[PDB]
Amino acid sequence: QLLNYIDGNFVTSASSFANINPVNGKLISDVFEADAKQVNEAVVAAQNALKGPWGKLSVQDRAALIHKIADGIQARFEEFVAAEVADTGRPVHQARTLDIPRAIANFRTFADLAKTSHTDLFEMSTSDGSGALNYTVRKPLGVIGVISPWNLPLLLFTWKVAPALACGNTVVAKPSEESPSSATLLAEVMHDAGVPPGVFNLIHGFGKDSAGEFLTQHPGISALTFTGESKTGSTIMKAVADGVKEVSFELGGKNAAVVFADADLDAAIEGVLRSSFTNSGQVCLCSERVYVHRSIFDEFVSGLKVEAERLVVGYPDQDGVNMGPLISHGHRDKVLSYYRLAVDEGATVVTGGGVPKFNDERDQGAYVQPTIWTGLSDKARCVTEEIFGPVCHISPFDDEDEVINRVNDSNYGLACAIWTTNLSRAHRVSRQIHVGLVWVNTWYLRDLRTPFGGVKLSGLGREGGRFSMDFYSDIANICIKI
Amino acid sequence: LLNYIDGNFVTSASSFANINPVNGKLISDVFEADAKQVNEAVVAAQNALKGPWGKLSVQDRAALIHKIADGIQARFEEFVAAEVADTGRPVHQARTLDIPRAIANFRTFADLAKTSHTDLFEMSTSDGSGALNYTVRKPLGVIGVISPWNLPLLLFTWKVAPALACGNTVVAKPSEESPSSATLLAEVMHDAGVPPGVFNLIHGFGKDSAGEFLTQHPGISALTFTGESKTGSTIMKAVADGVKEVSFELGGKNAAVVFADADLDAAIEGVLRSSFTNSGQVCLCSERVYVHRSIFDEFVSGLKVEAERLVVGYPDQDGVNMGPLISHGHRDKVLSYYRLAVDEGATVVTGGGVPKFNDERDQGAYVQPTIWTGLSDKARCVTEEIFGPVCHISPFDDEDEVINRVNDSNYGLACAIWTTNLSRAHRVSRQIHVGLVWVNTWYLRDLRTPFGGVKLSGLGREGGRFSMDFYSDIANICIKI
Amino acid sequence: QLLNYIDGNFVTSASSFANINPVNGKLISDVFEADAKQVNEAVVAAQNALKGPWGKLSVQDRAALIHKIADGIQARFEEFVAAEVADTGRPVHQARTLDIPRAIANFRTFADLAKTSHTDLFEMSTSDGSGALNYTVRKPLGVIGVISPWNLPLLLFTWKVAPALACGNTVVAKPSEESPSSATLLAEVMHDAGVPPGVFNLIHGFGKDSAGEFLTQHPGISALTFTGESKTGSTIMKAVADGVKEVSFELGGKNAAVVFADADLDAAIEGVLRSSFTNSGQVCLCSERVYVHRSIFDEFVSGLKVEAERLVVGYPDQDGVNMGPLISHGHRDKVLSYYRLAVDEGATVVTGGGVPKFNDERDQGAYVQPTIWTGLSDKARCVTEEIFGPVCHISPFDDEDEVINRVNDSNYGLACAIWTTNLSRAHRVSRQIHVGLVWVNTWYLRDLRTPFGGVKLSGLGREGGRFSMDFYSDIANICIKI
Amino acid sequence: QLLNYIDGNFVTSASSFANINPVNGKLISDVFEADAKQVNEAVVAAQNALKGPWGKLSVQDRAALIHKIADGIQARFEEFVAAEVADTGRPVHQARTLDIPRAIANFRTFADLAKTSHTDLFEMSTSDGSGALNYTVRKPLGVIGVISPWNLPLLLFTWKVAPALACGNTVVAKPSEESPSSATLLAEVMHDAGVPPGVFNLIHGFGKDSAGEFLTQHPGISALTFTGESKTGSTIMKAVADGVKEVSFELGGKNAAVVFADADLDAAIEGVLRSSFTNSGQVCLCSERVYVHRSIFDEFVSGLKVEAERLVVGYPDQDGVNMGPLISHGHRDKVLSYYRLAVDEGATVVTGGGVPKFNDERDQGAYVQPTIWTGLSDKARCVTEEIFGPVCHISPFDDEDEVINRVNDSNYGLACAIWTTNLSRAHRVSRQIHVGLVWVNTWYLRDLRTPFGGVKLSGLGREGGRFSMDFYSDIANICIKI
Ligand code: NA
Ligand code: NA
Ligand code: NA
C-alpha cells in the first residue's frame, strides 16, 4: 500500500487504485487516490510551511538538509532501485546506473547551487547627482505544483522537486499513477530526514477529475512545472491562465538523429541503437526519426538491424537484458496501433513490428519488439507523431542543408543527435537545428548546469542550472535612491 | 494612419477613429488590419528571418538598431507631437520622459546585443576523454507584440527593441487609442533601411480583431503583452495549444508606504508623482497609500495642498501638470469608481469629479486628481485597479502590519517605501511581495534590471539579460570529444 | 615535534627552531627548518603530482576529496582548536567559533565552487560568413607557492590552499614560524584522506635565507600567493619578477572606523571595541584609527574606556576571557615601542598603555593591555603606521567630506567600518572610501563568495569567489573557425 | 614636429630624438623626449583630473565622450593611416583595414562595456537572524601608466587606453620611440573632443633613464600595463614593487603552428604564410615554430616556399604589396644576427635568409626577406628564442602527444595555431596546449570580449572583456548589516 504524505503525516484516502507490474501484469500495490479535499489540505499546509521553520532556514542550513535527503536515498539505494523496477519494468542495471544516481545527483546539484548562487548590483546616475542602487534578490516563488511523468519516475520527479526546495519553496507533487513507488519512498526519506511538515507533500492520483487537475486548478499554488505529453501541457496552460501562474513545460518530441557520411559508422549505429531503444524508447529524448547519408544508408540500416535483433528483451534482472516492457497495457495499445498504422502507410518493417512471444508470465505483461521502419515519406503520421515506443524510421539524404530542413520541418523541437567526425560540420550544423538540445557523437549526456528544454510544441521556458534557480524564484528588484 | 506590412504601407477594408482626448476632436482615421492581413504580416516576418536581416552580424544588427534610434532623434518633435495628440500628455513629459525613453530602449538593447555572450560547461565522461557543452542564443522567431495606450511609444519600443536586438522579426499591434507614434516608428524603420518583413505594424482592437488574430496565429513563436490581467489570461489560453512563449506585465494595485522616519516633504512630493503622473495611468502608480499614524494627518493635508496646486489643462499650457485621461470610455470607468468610492464610505479630501473649462476641453476626457481617506482594506476602491489619478490614504502603526497589508493583494507589480533608516529600508523592501521596490523615490528605471510582477501582475521578467533570454532560443550544444 | 611534509612523507631537517607558547613562554615543540634542497624537492614533487592521478581526477571527484579533507578536520576539530590556541594564545572561544570553522568552510566553499563554476562562449562573425566560436576554459595554473601569516594561522593558510587545490593545482606552502602547528596537523589530515603524494607539501622555516625565500625564488612555481606585511609583499614581487610569476597579495593596513552622529551609539562602541581589540588587535582588518563626530566624541570615548576596562585579559580557556597575549615576545617589543612613541608624540592615554600584572606564569608571556589614545594629529606616526596590537586612536571630525578625505589620506587601503543608521549615508559614504572592504554597522562579517583584497600598499589583486577561481587557474581562450 | 601632451597642452622638451621612416631611412619628424619633471607633471595632472569634471561624469556621459574620441579618429581616418604607415612601413591596405579600424573599435567596445557592465549582490544570514547584504562596485583604479609597443602602434596603444578611460581612470601613456606619430594624433583628437585636461597625457621617449622608467617609478600611478619583451616586463614588475602597483603584462612568445595530416592543406599553407609573415613577422602572435605531420611535411614546405616567394616586399602603396620593412635598422640587425645564427646552427635555408636588393631608396630602409628554415633541433636557439622577424622554422612530427610536448616545451606560452579537420582532435589537442590563446584553422581572429593574455614568461593577468573592466577598476565590497 502507497499512502499520501500531507503536512508531515502519511495518510490513506477513501478510494484506491491498482499499481500493476508491466513485466507480468500482477498487482504490486494499492495506491490511495488523494481527493480535492486532501489536495487543498496539501496546498494550505505548503503555504503555511513557508511561514514556519523552513522559511527561517539560512541558505546553508537549507542546502545541508537537502544533501541529507540525498544521503537518505543513498542509504536506501537498493530499495529505490527495487521500487522503480517494480513499477515500470526497467532493467535493474539502468535503474542502478541511470535513474537512482541521477535522482540523488539532482538534489546534490541544486543544494550546491543554492549555496553558490548570487544576484546583481546595478549603479545608476540621477538628475540630482546623488545616484541610485538597484540590487536584485531571489526569494521563494511560493508553493510549487509538480506533475511528473512515468518514464523516468524518480529522475524527472526530483528534477523538479530538487530546485523547488533548493529555492526555498514548498511543494505539492503528484507522481504518475503508473509509477508511484519511488516517490512514496522519497516522502519517507523526507520524513526521516526531518523535513518540516508541509514543506514536501505527496498526492497520488490521475489527471482529469483527479489529484492532477485539482492541483492545477488550486489558487494557492504559485507555479506549475510539468513534464509529459504536449497536449497536456496545453491543457495545464489553459487551466492556470486565470491565475497567471508561472509555468515550465518539457513536452513531446519527434527527435531526429542525423548520420553524415563522415560519421564513425559503428559508433553511430551503436548510438542510434541507444537513442531509439533505451528505456524501450520511452524517453522524451529518444530518436524516432533517423536520417542517414545515402552513401552509407544500406550499410547503416543493416548494421542497426543486426544490433537491434541482438537486444535482449526480458526480465529486469535477466542476464544480459537490454529492454523491458512498456509502462502499461494501455500504452502498449497505443504503440501497437502506430505499429499497424506504419504498415498501412507503406512502411517496410526492417525488424520488430509486433510483440515478442514469451510463453511465460511475460505474455500477460506489456512488451513490444524494438522496431525499425524504412520507406515512409516525411508527411507520414508515423514519421511526424510521437509514438513513445522503441521505434525508429530511417530515411536517406544527400545534402547537408536538405537534412537540416527535414529535421526542422516539425511542430516539435526537443532534441537532436548528430554523428560526424568533421570539426566544422559539427558546429555549423548543430547551431542550425531548431531544438533545445543537440548532441554530437553521443546522446543523452547530461551536465546538470546546462539549460534544458525545447522549442515549439516541445515546451517553453528552460530549467537546469541558473535557469531553474530563476524559474523557482521570485526575482525582485530593489531600487534605492541615495 | 496605415498598417506597415512586408515593407509597404497599406490600407484596410475598415477604418476607426482616433480621437484627441483634450477636446474630443478627430485626429485621424486608422485602417484596421483583418485576419488575412495579420497572416500576411506573420508570413512575411517568418520569411524575413531567412533574408538579409537573418544574415546580419550582431555588430551590423546593433548598428542598424542604433540607426532606428538616430531616426527617432532626428524627428524628435514629430514624435512628441504624435504622442501628445493621441493621449493629451503634457508636452514637457512627452519631451523628457516618453520620447527619450523610447530612443534609449533601442540603444540599450542594441548595446546588449553586442556585449551578450553565453556559457561553456566542461564535463568528464566514462571513457575519460570528456565532453563540452556550450550554449548559444538564437532568434526565437516571430514576436507578436500587443502593447498599451498609457505610454504608447515607450512601452511599444520596450518590447520591440529587445525583439529586434535578439534578431527576431516583429508583428506589432499598438493600442487603438494611441496608434500615432507607432506609425511614425514604422516610417523611421522604413527610411532607416530595415529589410521588409522585419517590422510589421498592424492596427486594430483585441477580440475578433488584429490583436486576437495575432495571438491565434500559429506562425508566431512568442507573444509579449503589457496590459490588463484579465486580457493576459485570455492571451495565455489563446496561445496554449501552440505552447507559445509568453511574457506578461499586467495590472497592479500598487502601494506607497511612508514611515514615521521619512523625509516628509520628499514623501509628499513622491506620492504626489506616483499617484497623479500621466494622470495616474501608469501601471506603476500608487493607488493605495499607507502612512504612519503619527504623521498621517499632516501628510494628508500636505498632499491635499500640493494636489490642489496641480495644473490640469492643455498639453502645451504654461505650468501644466496633468492632461486628460486617454478616452471618454475610460473616464466613464474612472468616474464610476469615483461614485463607488463615496457609496463605500470614503471621505473625499480633494477632487472626486471633473474640472470645468468652458471651452473645448469640456468635450475632452478630464477628471480631477482625487484623494480618499476612511475606506477599509476590503473596499473595492482600495482593492481594484482604477488607472486614474487617484489614491486612498490609510494610517498604519506597525511594520509587520503594513507589510502584511501591502501584500494582502492578488496583484504585485511595484511598491514605494519612504524611510530614512538603513536597516528599515532593506529589511522591509525584501518582504514586499512585488517585482519592483523603490525606496525614497518612484519609477526610477535602469533598463538592465529585471522588471516584472508576481501573482496577477505578471509572468516572467524583461529588462537587461532577461529580455535577451526571453527574446531568444537558448540552445545547448553538447560535443562528445 | 613538527616535521615538513614532502612528496607523501614527513621528514626532518638539519636545523630546527622553537615554537613558544605566548601565554607563558614555555616550549610547545621543535620545528624542522626546510633547506633549499628540500624546497626544491617539494616543488619538483608538486610538478610531477600534476601529471599523476591528481591530474586525472574529474572536477567532481576532486571536489569530493576536498570535502573529505574538510571532514577529516571536522573529525579532529578539538585537536585543531588545541593546536591554534597553543601556538598563538587566542581564546578557545574564538578558535572554536571563528578560526577552525572557517578553515573547514574554506575547503567546502571552494570545493563547491569547483563543481558549479563554468566559463564563457563568444560567437563572432567572419568575412567568409561561416563564423567562429571562442570558448574559454579554466585549467590548473601549476604549482602554487603559499606563504602565510601567524595572525589567523589555519584560517588564512586554508584560505589559499583550498582554492589552489579546488582549481587542480598542487601546493608548496610555508606556514608562519610563529604558528606552525595547525598546518602540520592539516598535512596529517591530507595524508589520511589519501591526497596523492606531491599534491600538498608543507615546508617550515622563516623568510630571508630560509624556506620562504627559497620558495619565492624557485623557477618551478607558477604563482606566489602571500598574506602579510607590505614590505614583504614588495620583496616577493621583486623575487618572482624574472619568472613573471602570477602574484596575489593581501597586505597590511591602517584601518579606520567612522562613527557618525546618527549612529546607534552603544552598538558603535561595542563594534569598535571588537574591531580594535579582537585577536588582540592582530587582524589585518582591525581598526587602529577612529573618527567620531564632534557632537558625540566625548560620550564615545568615555563609553569605550569603560568597555575596554571590562575586557578580561588572560588564559585562552579562562571564563569570559576576551584577550590572550600577543603572538610573541618579539612582537610585544615592537608594540610597546609604539606605546612609548605615542606618549612621546603627545598622546593622552585614555586607558591601557602598558602590560598587565598577573602575579603568575602569565607574567612570562607576551601580554599587553588594550589601549586607547586621543589628541594626536593625523600625521603622527602612531596614527599612520600599522602597529598590529590592541590599540586605537580616536579623533573628532565635523564634516562628512572631511572625514572621507581623512580616512582616504593613507598609503594603505584594506578595510573600513562605518556606523550610521542613515540609509543614504551608508551607501553614499561607503562607495567613496578608498579600500577593498567596507562594513556598515558591523565588522569582519565574511561571505566567502565576495571579492577580498585591498588598494594601494594594502595589496594586489582580489581573492574570494570567482576571483579565487580565476587567480588559481589558467584562463585559456580557444577559437574555432567554422 | 611631435610634442608631448600634458595637462591639456602640447609642450616641447629640452631634448629631441629622430623619428625615421624604415622604408628609406629618411627623417619623418623630431620627437621631444619627456624628462623626469614633465613625467611628474603628467602624473600629478592625471591625479587632479580624477577630482575634476571627468571624475563627475556619469558612466553614460563618459561612454558618450569615448565614442566621440572614436568618432574623431574616424573623421581623420586617412591621417591616422598615413601616420601609421610612415613610422612603420606597414602596407597602406593593412593599416586601412586592420590597424585603424581596430583602434577605433577598441574605444567603441569598451565605451559600450562601461555602460553595460554591472556587479554582484550577495545575501547572507547572520547569528542575530536579520542578515546582511554584500554588494560590489567598480571604481576607477586611479592613474594608469601605459607603455606600448612599436609593432601595432595605434592598435595596442588604444587597446590599453580605451579600457583605462572606459573605467574612469586617467592616463599617462608613453608610446614607443619607434612609432610616436599616431599616438600624437590621438592626443589632438582628445583635445578636439574636449576630453578634460589631465585625463589623457602623452609623454615621449625611451625606457631606461627616460620617460619609460620615470613613469614606471612614479608613486602616483595606480597601475602599469605594458606590452612588449619579457625582460622589460620583469624590470617593470621590480620597479613598481615598492609601490605594490597593479600590473598587467602581455610579453613575448615563441608561438607554434601545428598542422595535422587531416588539415585542409592549402588552407594551412595560406594560414601559416599569414601567421609567419604578416606585419613582417613583427606580431607577438606570429608563428616562428611550425610542426607538420611527416606525411605532408615535404608537400607543406614546398607549398609554403612558393607562396612565400610570391610575396611582394616593398612600398606601402606599391601595387600588390604584402610586406614592408622591419621597424628599424636596429631591429634589422638583431633579425639578421639570428639569420646567421640559424646558418651557424645548421639550418637549411628553404628561402630568404638575407635582405632583398631593391637598387633604390629602399636599400637604405630596413627590409629583410621572408625566410623559412628546416633541419634545426628543438634545442637550437633559433627555434627557442623570439626573433620577431618574418621567419619560421618547420619541423616534422609523428605523434599527437609528441607534438603537444614539443609545443609546450617553452619558457613562453602566448599563442598556438592548430590545423585539423577532425572534431575530437581539435578540442582534445587545443585544451592541452599551454598558452593563453589557441586558434583552430585560423590565426589572429580577435573578439574583443575574450580574455587575452599569456602564461609563463609570456605574461601576467588577462585583458579583454570584463577582464579589462576588472583590471582597470578598483573592485570594492560593501557589507551592510541589516
Ligand atoms: Na522567477
Ligand atoms: Na528564450
Ligand atoms: Na581591479
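Residues numbered from 1 in each chain as written, not as in the entry; some residues may be left out. Chains lettered and ligands numbered in written order. Heavy atoms only, no water.

- As annotated in the PDB entry, chain A carries the name 2-aminomuconate 6-semialdehyde dehydrogenase and comes from Pseudomonas fluorescens.
- Here the PDB entry title reads "2.20 Angstroms X-ray crystal structure of 2-aminomuconate 6-semialdehyde dehydrogenase from Pseudomonas fluorescens".

- Chain B has the name 2-aminomuconate 6-semialdehyde dehydrogenase in the PDB entry, where Pseudomonas fluorescens is given as its organism.
- Listed under Sequence similarities (unreviewed entry) in UniProt, the entry text for chain B is "Belongs to the aldehyde dehydrogenase family." (UniProt positions renumbered as here; feature names shortened; annotations may be inferred.)

Observations concerning the domain arrangement of chain A
All names here are of chain A.
Then, number 1: Looking at chain A, the domain boundaries give domain 1 (1-252 + 448-482) and domain 2 (253-447).
Then, number 2: The C-alpha centroid of domain 2 is placed 30 Å from the C-alpha centroid of domain 1.
Then, number 3: Facing 37 residues of domain 1, the contacting portion of domain 2 comprises 41 residues.
Then, number 4: For the pair domain 1 and domain 2, the two sides together bury roughly 3100 Å², of which 59% comes from carbon and sulfur.
Then, number 5: The largest share of the area that domain 1 buries against domain 2 comes from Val23, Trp150 and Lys456, three residues that together contribute 19% of it.
Then, number 6: Across the pair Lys26 and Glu361 runs a salt bridge whose closest N-O atoms are separated by 3.8 Å.
Then, number 7: The interface formed by domain 1 and domain 2 holds 15 residue pairs in polar contact in total.
Then, number 8: At the level of elements, α4 (77-88), α5 (92-116) and α6 (153-166) are the ones that each hand at least two residues to the side of domain 1 that touches domain 2.
Then, number 9: Considering every element that reaches the side of domain 1 that touches domain 2, the biggest residue donor is α5, with 4 residues.
Then, number 10: In terms of residue class, the side of domain 1 that touches domain 2 is built from 16 nonpolar, 13 polar and 8 charged. (Domains from an automatic or database assignment. Contact = heavy atoms within 4.5 Å. Buried area = accessible area lost by both parts, 1.4 Å probe. Salt bridge = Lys/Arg side-chain N within 4 Å of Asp/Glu carboxyl O. Polar contact = N/O pair within 3.5 Å; in protein donor to acceptor, adjacent residues only side chain to side chain. Helix = DSSP H or I, 4+ residues; strand = E, 2+ residues; numbered from the N terminus. Nonpolar A, V, L, I, M, F, W, Y, C, P; charged D, E, K, R; others polar.)

Concerning the UniProt feature "binding site: NAD(+)" (unreviewed entry) in chain A
Residue and element names in this part refer to chain A.
Then, number 1: The positions UniProt marks with the feature "binding site: NAD(+)" (unreviewed entry) are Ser148, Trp150, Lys174, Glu177, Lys208, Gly228, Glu229, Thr232, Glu250, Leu251, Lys334 and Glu386. In three dimensions, the annotated residues from a span of 239 residues occupy distinct locations, with a maximal C-alpha spread of 23.8 Å.
Then, number 2: Position of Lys208 among the secondary structure elements: in the loop between β9 (200-202) and α8 (211-217).
Then, number 3: A relative accessible area of 68% places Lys208 in the exposed class. (Buried < 20%, exposed > 50% of the residue type's maximum accessible area, 1.4 Å probe, protein only.)

Here we look at the domain arrangement of chain B
Residues and elements named next belong to chain B.
Then, number 1: Taken as a whole, chain B is organised into domain 1 (1-251 + 447-481) and domain 2 (252-446).
Then, number 2: Centre-to-centre separation of domain 1 and domain 2, based on C-alpha positions: 30 Å.
Then, number 3: Contacts between domain 1 and domain 2 engage 35 residues on the former and 41 residues on the latter.
Then, number 4: Regarding the contact of domain 1 and domain 2, the summed buried area is about 3000 Å², with carbon and sulfur atoms giving 59% of it.
Then, number 5: At the boundary of domain 1 and domain 2, one finds 2 salt bridges.
Then, number 6: Residues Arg448 and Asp446 are paired through a salt bridge, measuring 2.7 Å at the closest nitrogen-oxygen approach.
Then, number 7: For the side of domain 1 that touches domain 2, the secondary-structure elements that each account for two or more residues are α4 (76-87), α5 (91-115) and α6 (152-165).
Then, number 8: In terms of residue class, the side of domain 1 that touches domain 2 is made up of 15 nonpolar, 12 polar and 8 charged.

Side note on the coordination of the sodium ion (ligand 2)
Then, number 1: Looking at the sodium ion (ligand 2), the protein donor atoms are B:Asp469 (O) and B:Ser472 (O), and they sit 2.1 to 2.4 Å from it. B:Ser472 matches B:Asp469 in its accessibility class, with the two residues each being buried. (Donors = N, O, S within 2.8 Å, 3.2 Å for Na, K, Ca; no water.)

Some words on the UniProt feature "domain: Aldehyde dehydrogenase" (unreviewed entry) in chain B
Then, number 1: The feature "domain: Aldehyde dehydrogenase" (unreviewed entry), as annotated in UniProt, sits at residues 11-475 of chain B in this numbering.
Then, number 2: For residues 11-475 of chain B, the end-to-end C-alpha separation is 40 Å, with 41% helix and 20% strand making up the annotated structure.

Here we look at the packing of aromatic side chains
Then, number 1: A full pass over the atoms with the stated rule returns 52 aromatic pairs over all chains.
Then, number 2: Ring centres 4.5 Å apart and planes at 55° place the aromatic pair D:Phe17 and D:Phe206 in the tilted group. Of this pair, D:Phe17 sits in strand β3 (residues 16-20) while D:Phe206 sits in the loop between β9 (200-202) and α8 (211-217), placing them 189 residues apart in sequence.
Then, number 3: Overall, D:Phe17 belongs to the buried group, its relative accessible area being 9%.
Then, number 4: Residue classification places D:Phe206 among the partly exposed positions, given a relative accessible area of 29%.
Then, number 5: Here the aromatic cluster, defined as three or more aromatic residues joined through ring pairs, consists of A:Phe110, A:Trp159 and A:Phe452.
Then, number 6: The ring of A:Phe260 has A:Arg425 lying over it, and the distance from NZ or CZ to the ring centre is 5.6 Å. (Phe/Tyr/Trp six-rings, centres within 6.5 Å; stacked < 30°, edge-to-face > 60°. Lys NZ or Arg CZ within 6 Å of the ring centre and 35° of its normal.)

Some points on the UniProt feature "binding site: NAD(+)" (unreviewed entry) in chain B
Residue and element names in this part refer to chain B.
Then, number 1: Under the present numbering, the feature "binding site: NAD(+)" (unreviewed entry) in UniProt falls on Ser147, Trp149, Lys173, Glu176, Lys207, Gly227, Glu228, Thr231, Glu249, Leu250, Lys333 and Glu385.
Then, number 2: Among residues more than four places away in sequence, those in contact with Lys173 are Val145, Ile146, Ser147, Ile202, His203, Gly204, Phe205, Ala210 and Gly211.
Then, number 3: Inspection of the secondary structure puts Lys207 in the loop between β9 (199-201) and α8 (210-216).

A few points about the interface of chain B and chain D
Then, number 1: Every contact between the two is made by 17 residues of chain B and, on the other side, 17 residues of chain D.
Then, number 2: When the two sides are added together, the surface that chain B and chain D hide from each other amounts to roughly 1500 Å², 60% of it contributed by carbon and sulfur.
Then, number 3: Counting the contacts that link chain B with chain D gives 2 salt bridges.
Then, number 4: For B:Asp111, the salt bridge goes to D:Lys115, with nearest N and O atoms at 3.1 Å.
Then, number 5: Connecting chain B to chain D are 6 residue pairs in polar contact.
Then, number 6: Listing elements by their share of the side of chain B that touches chain D, those giving two or more residues are α5, α15 (422-430) and β20 (472-480) of chain B.
Then, number 7: It is α15(B) that contributes the most residues to the side of chain B that touches chain D, 5 residues altogether.
Then, number 8: Here the side of chain B that touches chain D is built from residues that sort into 5 nonpolar, 6 polar and 6 charged.

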